[PDB]
């Protein structure tokens, strides 16, 4: 029944260095003989993710609710896999999750926050979210849009699982900070928890 692996999500704006730091953490975990799967959302695992790619390339004109639900569906299609890995003691490091879903739809597309949160209710909750904080300053690439998304990400800032990381600092120092925070996580197995608990 118990979750044995740890689940770490990285969030942040498009440029914030999510993928660099997530890659570095994976490498650190592996170097230490911790088994780990590196995942990212959205992905192209099935046809759901293929439609999402066409959206982001602005090749289709999909409505805001339709795309929002495809992003959430792409997370749901991964829950079996993520549950099974964590049950086995394999850690999961994931680049973006439901927090992106809410921040981008509610920030960029002006969808109601609660409506945006609902379809991700019940997803596995991560142990920690590292939010790679880079203030936006001078699809979605316009700084005003980035600022809207930045503002909505603040909806999560007060939560205990949410770890703000100043991602303007040196790559090595960011990595050391993330390793420092990972070493604080409880080592013992625990019950699975779920969004938005």
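Superpose the two forms; the largest set of C-alphas matching within 1.5 Å is the rigid core. Positions refer to the first chain, counted from 1.
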item: More variable segment, 43-51 or 165-173 [Cα RMS over structures in 6 other deposited structures of this protein, core-superposed]; value: 43-51
item: Between stretches 34-42 and 139-147, more displaced by Cα RMS in 6 other deposited structures of this protein (rigid core superposition); value: 139-147
item: Interval residue 138-residue 139, deposited residues with no coordinates in the entry (none, 1 to 3, 4 to 9, 10 or more); value: 10 or more
item: Stretch with the greater mean C-alpha B-factor as recorded in the entry, comparing 125-133 against 161-169; value: 161-169
item: Average Cα temperature factor in the PDB entry - higher stretch of 7-15, 184-192; value: 184-192
item: Selection by C-alpha B-factor (highest) of 38, 30, 68, 44; value: 30
item: Per the PDB entry, maximal CA B factor within 60, 152, 50, 64; value: 60
item: Where the record places residue 117 (Cα B-factor, split into thirds across the chain); value: lowest
item: Where the record places residue 107 (Cα B-factor, split into thirds across the chain); value: middle
item: Modelled-residue ranking by C-alpha temperature factor, third containing residue 85; value: middle
